[PDB]
Structure formats: C-alpha cells, structure tokens
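> Experimental structure and sequence below, a few questions after.
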Amino acid sequence: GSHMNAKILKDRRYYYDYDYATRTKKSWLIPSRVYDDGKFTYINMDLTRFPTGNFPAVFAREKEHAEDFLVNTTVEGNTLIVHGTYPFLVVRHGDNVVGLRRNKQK
Amino acid sequence: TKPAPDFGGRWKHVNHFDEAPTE
C-alpha cells in the first residue's frame, strides 16, 4: 500500500496435501483429515475410541525413515495438534502405526 | 525401536476434501 504493506495477522495456509500409508486395517486408527498451518498440524482422527485420556502417540519425522520425534502435541477433541511442521508424521495407536506425509508443492 | 517399515502398503491421498476442499 502506502510505502509498505501492512499485513494483518499471519498469512494462513492450511496445507492440505498429505498422504497416508499404513499397515493396519483399522479405520479408527487412520486419520480422516490432516492440515497444517505454519507449524500446527491438525490431525482429525477417530480419537473418540480412546477414553480415560488414553489418546494415541504421535511422532514427527524429518524423513520417512528418520527417527520418530516425540514433539509437542495437544489433543482437541478428535484432533491432534502437532506443534511444528515436518515433511513426515507418524501416528501410533498402541502398537499399530500410520504414516503421514506432507507433500510439497512442485 | 521399529524393526520393520511403519508405513507403506498403500500410499493413498487423504487430502482435505472431506465434503468440500474446505467449505
């Protein structure tokens, strides 16, 4: 605008490209929706199967065969908020596991 | 320790198109 650009709030982009692969066949372990914005990755899963606050563990990966980073995660209803954007994510429900990947654009 | 590939088998997109691209 005038001289500079006064940009209100953060630029938001809920990044909707992610894929899942899993060796489990339980539909209640596979995420139904994933999206990040900036850092916080929102993972909608069937967390309603997990009572007593016994929610599953989620890890982040820098690469698909990298180490599983425990990271910071908050659980809002059925959505896991992973604090920090990583190209790959790993979700572990008990001893079952699902892998997510965030796909870059070109 | 995970002495086996965690994920694989079927890489399928799960991109947010839950009903609409967002709404």
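All right, it came through fine. Numbers count the residues shown, from 1 in each chain, chains lettered A, B, ... in the order given.
> Pull the distance from stretch A:87-106 to the chain's centre.
Centroid separation between stretch A:87-106 and its chain, computed with C-alpha atoms, centre = their mean, to the nearest Å, is 7 Å.
> Pull out the buried residues from it.
Judged by neighbour count (16 or more other C-beta atoms under 10 Å in any protein chain shown), stretch A:87-106 contains these buried residues: A:87-93, A:96-102. C-betas here are computed from N, CA, C, even on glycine.
> doesn't residue A:32 make contact with residue B:18?
Yes - if you go by C-beta atoms under 8 Å, residue B:18 and residue A:32 touch, sitting 7.2 Å apart.
> So for the two, which sits in the more crowded spot?
residue A:32 (16 against 13; other C-beta atoms under 10 Å in any protein chain shown).
> all strands in chain B, in order from the N-terminus.
Taking DSSP state E to define them, one finds strands in chain B at B:12-13.
> in it, what residue is nearest chain A?
Ranked by C-beta to the nearest C-beta, the top residue of chain B for proximity to chain A is residue B:7, at 2.6 Å.
> So that residue versus residue A:48, what's the distance?
Relative to residue A:48, residue B:7 is positioned 23 Å away (C-beta to C-beta, to the nearest Å).
> and these two? which has more neighbours close in?
The residue with more neighbours, out of residue B:7 and residue A:48, is residue B:7; 24 against 9, by other C-beta under 10 Å.
> if we can go back for a sec, ok, of the buried residues of stretch A:87-106, which one's closest to chain B?
Each of those was scored against chain B by C-beta to the nearest C-beta, and residue A:99 proved nearest at 2.6 Å.
> Grab the most central residue of chain B for me.
residue B:14 (4.9 Å; C-alpha atoms, centre = their mean).
> which residues does the residue nearest to that one when sequence neighbours are not counted contact?
In space, and not counting its chain neighbours, residue B:14 is closest to residue A:20: 4.7 Å by C-beta to C-beta, 6 or more residues apart in numbering or on different chains. Counting by C-beta atoms under 8 Å, 6 or more residues apart in numbering or on different chains, residue A:20 makes contact with A:30-31, A:34, A:98-101, B:7, B:11-12, B:14.
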